[PDB]
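Q: Can you read through this structure? Questions will come right after.
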Amino acid sequence: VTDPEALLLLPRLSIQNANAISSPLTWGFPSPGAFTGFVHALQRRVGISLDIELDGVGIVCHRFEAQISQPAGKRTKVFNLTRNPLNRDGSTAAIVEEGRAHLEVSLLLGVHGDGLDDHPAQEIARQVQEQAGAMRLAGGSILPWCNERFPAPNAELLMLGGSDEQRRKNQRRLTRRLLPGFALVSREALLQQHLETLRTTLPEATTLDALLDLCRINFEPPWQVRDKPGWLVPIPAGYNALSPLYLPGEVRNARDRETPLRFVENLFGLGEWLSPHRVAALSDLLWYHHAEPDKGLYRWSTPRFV
Amino acid sequence: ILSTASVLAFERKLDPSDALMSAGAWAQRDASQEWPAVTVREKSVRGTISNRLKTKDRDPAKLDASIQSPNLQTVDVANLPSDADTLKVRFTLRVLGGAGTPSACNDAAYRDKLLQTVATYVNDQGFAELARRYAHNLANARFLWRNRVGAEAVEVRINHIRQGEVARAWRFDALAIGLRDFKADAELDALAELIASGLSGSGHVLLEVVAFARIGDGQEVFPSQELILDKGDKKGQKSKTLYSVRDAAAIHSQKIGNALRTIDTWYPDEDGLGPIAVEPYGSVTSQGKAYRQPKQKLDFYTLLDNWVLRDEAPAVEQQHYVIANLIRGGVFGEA
Amino acid sequence: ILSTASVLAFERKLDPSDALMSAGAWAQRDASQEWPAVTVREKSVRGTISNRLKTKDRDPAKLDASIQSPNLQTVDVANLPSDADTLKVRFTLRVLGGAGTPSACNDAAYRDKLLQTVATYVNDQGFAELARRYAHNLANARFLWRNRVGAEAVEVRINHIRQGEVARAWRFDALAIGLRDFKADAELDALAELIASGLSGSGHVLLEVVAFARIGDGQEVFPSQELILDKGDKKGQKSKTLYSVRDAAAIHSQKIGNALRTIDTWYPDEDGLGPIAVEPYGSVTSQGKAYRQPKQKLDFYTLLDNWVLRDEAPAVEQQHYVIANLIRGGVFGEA
Amino acid sequence: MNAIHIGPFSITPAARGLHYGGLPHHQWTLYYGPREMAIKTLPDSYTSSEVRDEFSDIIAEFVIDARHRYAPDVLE
Amino acid sequence: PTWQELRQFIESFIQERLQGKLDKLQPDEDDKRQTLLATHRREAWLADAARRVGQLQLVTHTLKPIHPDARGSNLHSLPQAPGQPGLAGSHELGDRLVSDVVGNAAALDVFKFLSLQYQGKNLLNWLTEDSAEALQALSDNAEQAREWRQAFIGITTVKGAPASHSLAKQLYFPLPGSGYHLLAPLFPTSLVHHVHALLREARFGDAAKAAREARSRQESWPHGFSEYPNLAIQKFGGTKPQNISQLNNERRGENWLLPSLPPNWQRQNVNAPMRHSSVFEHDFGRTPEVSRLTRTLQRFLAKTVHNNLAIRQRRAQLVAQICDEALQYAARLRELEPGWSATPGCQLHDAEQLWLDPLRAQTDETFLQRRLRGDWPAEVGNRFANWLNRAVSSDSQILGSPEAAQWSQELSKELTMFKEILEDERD
DNA sequence: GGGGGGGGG
DNA sequence: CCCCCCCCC
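Chains as they are written, first to last, in the working numbering: chain U, 129 to 434; chain G, 5 to 339; chain P, 5 to 339; chain X, 324 to 399; chain E, 181 to 607.
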């Protein structure tokens, strides 16, 4: 919703057991809403004391490992589980299938505020790094890099460049820092135009079928494969309204009785993983919240991408 | 009237990393940064029927027919190399601050009462006994589990990482410190002071825990076995599967946490086992029996509602158990 | 009424390792730590028709048609080099102890009764006959299964590894010590006392066992062999796959365990065959017939349910068999 | 059970049954006449359709190789 | 139209249920037939159904897939269609909507008593309107018909207070100006059932299997197929999938999650090309990603020009991906040893070694640290361009036409970008 | 057909 | 908390 005055690079963060089930329809890399919520929790915890705002997160995902296995005779996969403790009668409890993933991601954070002029860049960078080293990113603990060879501090780069060439060199150096990974971006325009292409191909086609067609490998008879522009993952694109926004004390057993609750349904969109050298600026990769609370639509996206 | 909060959840304080397992030689433990990792391999077993028979297949003809059909499995096995008698197990522990602060709470009054109860607990005795028992369970390598059973010598090195360097190095003989006695030692008290300051603090305390076990040359190490459901599939699967991160055998973080939380020596049953893991309704998976039942007034939930709501503060041991549950975490709250 | 527990899981005492086989020469076996490992190479076999026919292809036309077009296979084969006559097989055994205590037990009172039963056994007749027979099965190289059947001379060296150093060395002629007679020898009695001290919990016993067998220059050795689910054609008709850990042939640990457990000379059938491997229902896969069937009251489960549940103590050799089963370990217990 | 005859193909099981995993298994053999092409271990709970579908990929690969091996010549 | 045919159909339904439970019980004595016909043969069974419709609930989004000891408010609501483009949901389910049933496993029979087609339409939409044939076909009395209609139509409306349990998920969302919403999500079991049905047609349908056989026969077919690789199975009920919901009893567990995976989710290893002559043609080129990219360039090079420039745009994008992977290869070459390029060897591609190992400038103070700074190696991509010249088709029709000119233009532009990327490696 | 489990008393 | 009926293997 705003252009960041600076970009803070949180380095390689090893998230231990992240929620591999991103959505009721998708598994794998966690939701971008988890990353945006983590950055908002960082702004809630240490952002206010530094007189800065932390909005917008760019994910690089340097490493992914899924705690999964492939059973023999099946082409699908299953989630490795954890043994929950027994009940009070000594019996095994009912198992809820929860999957885990070891992530290694680096985050570009959009920083704007007067506190950037009040503190050194390395000071606020080290403060938000040591705050983020005791938090969670998708349900997993963050490994804060103890007793390895060379630890990685941040590099907060001011986006108000004095010259266009110096700004370009800064963005290319920051892209070179986060090199072995893929920027995950939102593709609402690509999914909508592919929906229009399928509607010209066949009418009454929903956005779900256009999302599904952009993920399966289509085999065409003369036997070739229908190509895709990018990786084109199905991402959770936010939450849509399923109920009116009830009063803060209205909903029974809410998390807090001061925040209003509204039952939601998952919104599914198309995301794309790209090499981060294929972007004009690294501020395009930032994932922003977008509530629009009168109509539900509690989305996260990448505005100012293309 | 101080009703209990309908959601009440606590973060996992003392959250460990996955215990990376590597191999090497004893008296080369100082240069253990380049030790090759233990790799999980596959092998085949042909056993014979040795389970109990239910008095319908005990006839010699059917039993001989069952033996005549060969029973075969594939098992994931982790072994030490035949020139490395020492198993090194390394993980990172983050002692998080705000141990008595819940993640979620409905009632503001219940949150204030719980914070006041925890604050009176820190003002009275602190986390000093609990961090002593946590430093004990770090000091003996209970997180090695079956790697600790037949080892010649186990030694635990624990390094406090303040910013990027070892702020304080502790070295413990893990076999000398028992699995069931919580005694007093100067280095153990210093580690207890550090862990209690991390629990009482606002940030976190970072520790690197490395355990060297002299199991034997080429012996079988025991990483955590992965819980994979067969789900009634037609094709036979491998019976035993292990855990690894990247060609490197590992123990699950919850197993290391369960070994770290094995401090509960205050359950109403007899302590023939010794300490058990701090669980609500005192569940022990190795026994199939749950101590600290709610029919007695010593389970975690009734102790919390007595300590917080009705102001019936229990004994100091049960207060230690309640705060150990709060450090452990969990999802509580009636409907 | 003292019902037996649903889970009575026992750990494995006398823990073996994957016995790696290298190659070398006789009279150079003293310096054998640099010996090159036996490689599991590949070769091709042309299989002629040599099995029983099913009274349908017994016609000469279809038999000659099948013989005219035979079938080819690729086998993993492990051989000595053409300049190496001696096979060396190396593994480490770990005599743990605490054999009466099970790892998991649903019933505490049944666990106490089993502990009292094993304690009264040890007070009456400890691990003296059992460790003597285990030292026998180590002394003759029964873990050389088909590497012993035509060996010219087998020599077994057992070194007690204490603090990374050899505490005591044993050197046995494995052909003089038979595979069926359990006689007495002073060095064998010393090894029996060491395994007794390991099994009683009075000491930590790790042994390095190296067996040198004279098979011949280039002769085929017999390591452990893996199961092959699919042959296919992408894999070039892989019919036999032998076991190897890292470019080095090896025997499975459980095969060494089964060879070490061959102490049971007290089954109700005649001992003209000799000892059989200790197992519930005394099963031999090569014989295909269970000695100690559940019908004749001499198997492990009925003897354990008489000795412990109903205090019906069996004979001294039969309770030796029961305690040998407890040393072997298993998933004893009903569903 | 019994052999599955797919044209010239015969899927015949071994009479011996193994117990891979815990479930019983049988080693099923696929022949094109006297030549075997795929020996695969399959459960006894498998139906005939599942045993057919296990070897259907090798069957289709052999069909494709026979089409591309004995294709007639082309005059342009 | 007539109430008599609806009465005949519901009497036939209860008679079929009566003879089904008589065949299931197989009773020949002990007066079980009289007790069975005394409660499931008359209108009182409908009154008994009045005791069963209040227990069941027809929902589209439920909470019971989240931890089964949680008791929340499962609600049947169709979400509004979002005005923003390019995102899907359960709002896309229009007439292709299957409503899940939650409640007891014994009252569910009355669900088909609300799902028959007597006059040609579903009876819940028949009972949502005050029709003439309605309220007479099931009850002779008016008030009994009204209360039966209200109880039978209450299976759609949510019962109890609006509530989400503690074990359910609740996630704060930051408002634009100074606020939060708690936003408890529910499992879209109707949407999951629709996606699972579509995947069932895609993977085990008759037309899909026929297209798979046509691919296996390498013959033509009027329609294609799909594969859906890397699917994940998430079983909700462990012992009784029927305890979760009725739709989860239709598909026993098996959530069938789509692979939203990053491209580095299957990182094999990092290897150092020691005894080899060129990195692009021996080690980097054998990775499967650039393998599929090179086969894609081979397929797109020998093609018609009717969509040419647009295809060329795709081709430009395609060729960009390959040099991206080259940088990605260099990226994982940052994960290797600092001084692997200084090892001994007769041939180790020393022309590329200034870019292969950037960390050897830390190893050597002046032996090779100043060499990369003074040389500024950017010609290596030209060597890679030579390897990329092995990615083009050997067709003289492209060389005669301007297709080779456009290929050389986009190749020169992308290796200009690659050389500019390799130029400022010293910063 | 048998055994587990949910639901009503 | 115990018994019976339904549903799954």
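Heads up, the beta-carbon is just placed ideally off N, CA and C, and yes, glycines get one too.
#1: Please confirm if the segment 273-288 of chain P is in contact with the segment 41-59 of chain P, defined as three or more CB-CB distances below 8 Å between the two stretches.
#2: Identify, in the order they occur along the chain, each residue of the same chain with its Cβ nearer than 6 Å to the Cβ of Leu373 of chain U, setting aside the five sequence neighbours on each side.
#3: Look up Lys239 of chain G in the DSSP assignment and say whether it is helix, strand or coil.
#4: Measure the CB-CB distance between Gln223 of chain P and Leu84 of chain P and report whether it falls below 9 Å.
#5: Which residues mark the beginning and the end of the beta strand (DSSP E) in which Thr266 of chain G is found?
#6: Tell me whether the beta-carbon of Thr90 of chain G lies closer than 9 Å to the beta-carbon of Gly28 of chain G.
#7: Interface residues of chain P around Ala361 of chain X at Cβ under 8 Å?
#8: Output needed for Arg161 of chain P: all residues of its chain with C-beta closer than 6 Å, excluding positions within five of it in sequence on either side, in chain order.
#9: Work out the CA separation of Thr308 of chain E and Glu323 of chain E for me, nearest whole Å.
#10: So, is the C-beta of residue 447 of chain U closer than 9 Å to a C-beta in chain E?
#11: According to DSSP, which residues form a beta bridge with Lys92 of chain G?
#12: Hey, how far is the Cα of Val572 of chain E from the Cα of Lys205 of chain U?
#13: Using a Cβ-Cβ cut-off of 7 Å (strictly less than) and excluding sequence neighbours within five positions of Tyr408 of chain E, which residues of its own chain qualify?
#14: For the segment 364-396 of chain X, list every residue whose C-beta sits within 9 Å of some C-beta in chain E, in sequence order.
#15: When DSSP builds the beta bridges, which residues end up paired with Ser197 of chain U?
#16: How would you list, in chain order, the residues of chain G whose beta-carbon sits under 7 Å from the beta-carbon of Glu38 of chain P?
#17: Check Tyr114 of chain G in the structure and name its three-state DSSP category.
#18: Closest to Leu118 of chain G by C-alpha separation, out of G:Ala339, G:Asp275, G:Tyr325, G:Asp315, would be which residue?
#19: Compare the Cα-Cα distances from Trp587 of chain E to each of E:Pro557, E:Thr543, E:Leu568, E:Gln316 and report the closest residue.
#20: Just by C-beta distance, which residues in the segment 331-355 of chain X are closer than 9 Å to chain G?
#21: Between the Cα of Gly334 of chain P and those of P:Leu24, P:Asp273, P:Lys60, P:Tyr305, spot the shortest distance and give me the residue it belongs to.
#22: Just to confirm my understanding: we take residue 437 of chain U, look at its own chain, exclude 5 residues before and 5 after, and list those with CB closer than 6 Å. What are they?
#23: Out of curiosity, what's the CA-to-CA distance linking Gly104 of chain P and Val49 of chain P?
#24: Strictly under 9 Å for the Cβ-Cβ distance: is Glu583 of chain E near chain X by that measure?
#25: How about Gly276 of chain G: is its C-beta nearer than 9 Å to some C-beta of chain E?
#26: Using the beta-carbon of each residue, which ones in chain P are nearer than 7 Å to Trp30 of chain G?
#27: Below 8 Å, can you find three or more Cβ-Cβ pairs linking the segment 132-148 of chain G to the segment 193-200 of chain G?
#28: Just to make sure I have the definition right: I need the residues of chain E whose C-beta is within less than 7 Å of the C-beta of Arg300 of chain U. Which are they?
#29: Counting C-beta neighbours from all protein chains within 10 Å, is the total for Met324 of chain X 16 or more, i.e. buried, or is it exposed?
#30: Which first and last residues belong to the beta strand (DSSP E) in which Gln77 of chain P is found?
#31: Between the segment 393-413 of chain E and the segment 368-386 of chain X, do three or more beta carbon pairs fall short of 8 Å?
#32: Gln322 of chain P: buried (16+ other C-beta within 10 angstroms of its C-beta) or exposed?
#33: Once DSSP output is grouped into helix, strand and coil, what is the label at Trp225 of chain E?
#34: According to DSSP, is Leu319 of chain U part of a helix, a strand, or is it coil?
#35: Buried or exposed: where does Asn215 of chain U fall if 16 or more other Cβ atoms within 10 Å of its Cβ makes it buried?
#36: Applying a beta-carbon distance threshold of less than 7 Å, which residues of chain E neighbour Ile176 of chain U?
A: Reading from the atomic positions:
#1: no
#2: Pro388, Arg390
#3: coil
#4: yes
#5: 266-268
#6: yes
#7: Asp234, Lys235, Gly236, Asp237
#8: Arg175, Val214
#9: 16 Å
#10: This structure leaves residue 447 of chain U out entirely; chain U is present only between 129 and 434.
#11: G:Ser26, G:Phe216
#12: 37 Å
#13: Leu379, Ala382, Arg383
#14: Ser379, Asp380, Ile382, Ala383, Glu384, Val386, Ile387, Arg390, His391
#15: U:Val206
#16: Going along chain G, no residue has its Cβ under 7 Å from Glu38 of chain P, so there is no contact; the nearest lies around 12 Å.
#17: helix
#18: G:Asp315
#19: E:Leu568
#20: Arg339, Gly340, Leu341, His342, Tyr343, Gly344, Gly345, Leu346, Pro347, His348
#21: P:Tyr305
#22: In the structure as shown, chain U starts at 129 and stops at 434, and residue 437 of chain U therefore has no counterpart that could be examined.
#23: 50 Å
#24: no
#25: no
#26: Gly168
#27: yes
#28: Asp604
#29: exposed
#30: 75-83
#31: yes
#32: buried
#33: helix
#34: helix
#35: exposed
#36: The premise fails here: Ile176 of chain U is roughly 12 Å from chain E at the closest Cβ pair, so nothing lies under 7 Å.
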